[PDB]
Undergrad: 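The structure follows.
Order of the sequence lines sets the chain letters (A, B, ...), proteins ahead of strands, with each chain counted from 1. Hydrogens, waters and symmetry mates are skipped; everything else that's a heavy atom, side chains included, is used.
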Amino acid sequence: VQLXXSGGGXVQXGXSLXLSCXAXXXXXXXXXXXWXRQXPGXXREXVXXXXXXXXXXXXXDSXXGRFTXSXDXXXXXXXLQXXXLXXXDXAXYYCXXXXXXXXXXXXXXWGXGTXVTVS
Amino acid sequence: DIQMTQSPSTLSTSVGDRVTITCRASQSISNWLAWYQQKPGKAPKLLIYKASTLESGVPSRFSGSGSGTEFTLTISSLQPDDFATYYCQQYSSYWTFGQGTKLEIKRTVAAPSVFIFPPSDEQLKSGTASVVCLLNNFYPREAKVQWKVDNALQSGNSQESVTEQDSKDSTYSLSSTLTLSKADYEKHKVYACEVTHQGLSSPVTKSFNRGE
Amino acid sequence: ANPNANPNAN
Amino acid sequence: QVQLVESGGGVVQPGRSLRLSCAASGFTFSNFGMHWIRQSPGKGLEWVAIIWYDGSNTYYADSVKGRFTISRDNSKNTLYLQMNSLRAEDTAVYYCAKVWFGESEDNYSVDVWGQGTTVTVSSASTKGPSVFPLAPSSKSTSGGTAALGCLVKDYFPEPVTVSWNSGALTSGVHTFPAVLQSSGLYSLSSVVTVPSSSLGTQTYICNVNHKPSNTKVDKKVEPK
């Protein structure tokens, strides 16, 4: 399984972006996909998880109400809609597949990251 | 014997949400279906009978629909009193209940704090060694705890216990207890619990050396 | 009637 | 309003008998059929038996047929469940419930449930718990927060209560639901998160009480 993130870039405060995470090979329809972010000096930080369609989405305190995850199982892709961006949201964003279908957070495969800069 | 099936078993939901849960029967039960609500430590309470008739005293935001084999219960706008477990019951031929659907308090993600505790010298003096791994204040509920003794995965010698959602912050805490004999415990050195949770980018491991 | 019929006084 | 109060539950050895009773008030008991329904973690909600308003007809679940007898005393407003040849899988909370009023051609179920009475079928003998400290250290410290606790092991039957420092410490206490071990004895832990800077100087004591055996243990938990 290979993951590839895209959609990052430079955005103004209050602007919007949408990140995408395409997966190749394994059909991810049965697997949760999560977004994490890392800024320099800090550790990787959970952002959001899109479980299987019907099982809901859960978010981190810092992005609740501003970010939304969605799935395109036909294209093996998940998305992170980012609205009302703030300088604090600047980071590289990674997606990871939870290889445990029962959602225990077994993140075996990671993407290479996409860069988000808010200023 | 009429089989009943409820989906989903757990729904994470919020105040003000429109909630629909489903109940299905293995054969036609016409409209002879009742819905019961149960709060923890409390007796069940009748909400709906005849598939769609509200019991007196039940607020109007509850409704039911269905006939034959497919049935639903809908809460039009969820309120905090509705966080409970809901059971359907066919009463067409004897009485059988569904497995129940728990409406769970949705909140933001919180990764667990992980702590490990070695066996006390008092218990070891008695011939048994209990090792305890604690996952504190996490959400959502799904987590995995693996025990490793000298880097070997344990299977069949541990038990887990989970609290209800905390009244103050709606989180869970989980304990995993590894139980060995004194002789088994002293035939090894490194004791570790490894924890994964959807809020953790990497697994968290806490460990100690026997004697240390 | 059957087990599910009226078990109350009439 | 309608009220149902069950009684008679307790610990009974496999193969012995037990008589549950259900006191009814707030309605005309003799006018209504009644159910016994039980709930266990292993089988969920499980109908047990029904009796007509006049005692004339009774029906039973297959799992209890030939062993249980439902009966009623309409002069005393009391419903009974005589349980014979009890097995381990009969362990449950037992509820009486009143049948609702309806139309002549309806099918019927229950509208009011009692509070429930617990039945434990086990060959385990009454025994107080051993209390062992869950000692804090660097392995139970993350930042300025540390976890400590008490392991309350090998008691029968339920329940036990745990307090900390005789009640003065309640913020951050988690007492877990008991788990049944392969020995037939229960075990649980109680934990609490404390300022890591207070370890070794502040005294922490869990107060464990187990009324069925008159056990009281005050365990001091010291760091390693």
Undergrad: Decide, yes or no, whether a salt bridge links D111(D) with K98(D) under the criterion of side-chain N to carboxylate O below 4.0 Å.
TA: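 Judged by the 4.0 Å cut-off on N to carboxylate O distance, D111(D) and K98(D) do form a salt bridge.
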Undergrad: Go through the atoms of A135(D) and report whether side chain, backbone, both or neither lie under 4.5 Å from a heavy atom of chain B.
TA: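 Backbone only.
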Undergrad: So that I can tick it off, tell me whether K102(B) and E164(B) are bridged by a salt bridge, with the cut-off set at under 4.0 angstrom between side-chain N and carboxylate O.
TA: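 The answer is yes: the pair qualifies as a salt bridge.
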Undergrad: For chain D, which candidate among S92(B), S120(B), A43(B), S161(B) shows the most heavy-atom pairs at distances under 4.5 Å?
TA: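 Winner by heavy-atom pair count: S161(B).
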Undergrad: What part of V110(D) lies closer than 4.5 angstrom to a heavy atom of chain B: side chain, backbone, both or neither?
TA: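 Both backbone and side chain of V110(D) come within 4.5 Å of chain B.
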Undergrad: Before accepting this row, confirm whether a basic side-chain N of the pair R210(B)/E186(B) lies closer than 4.0 Å to the acidic partner's carboxylate O.
TA: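 No.
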Undergrad: Going by atom types only, do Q39(D) and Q38(B) share a side-chain donor-acceptor pair under 3.5 Å?
TA: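 Yes, side-chain donor-acceptor contact under 3.5 Å.
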Undergrad: Side chain from CB out, backbone as N, CA, C, O: work out which of these in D1(B) comes under 4.5 Å of a heavy atom of chain D, or both, or neither.
TA: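 Neither part; nothing is under 4.5 Å.
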Undergrad: Heavy atoms, side chains only, cut-off 4.5 Å: are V58(B) and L47(B) in contact?
TA: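 Yes, close enough: below the 4.5 Å cut-off.
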Undergrad: Under a 4.5 Å heavy-atom cut-off, does chain B meet the side chain of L45(D), its backbone, both or neither?
TA: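 When you check distances to chain B, atoms from both the backbone and side chain of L45(D) fall under 4.5 Å.
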Undergrad: Under a 4.5 Å cutoff for heavy-atom pairs, which residue among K224(D), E46(D), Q115(D), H174(D) has the most contacts with chain B?
TA: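 The answer is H174(D).
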Undergrad: Under 4.5 Å between any side-chain heavy atoms of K39(B) and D81(B), yes or no?
TA: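 In contact.
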Undergrad: What part of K153(D) gets within 4.5 angstrom of chain B, counting heavy atoms only: side chain, backbone, both, or neither?
TA: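 Answer is side chain: those atoms of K153(D) sit under 4.5 Å from chain B.
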Undergrad: Please identify, among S126(B), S207(B), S30(B), the residue contributing the most non-hydrogen atom pairs under 4.5 Å to chain D.
TA: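 Ranked by heavy-atom pairs under 4.5 Å with chain D, first place is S207(B).
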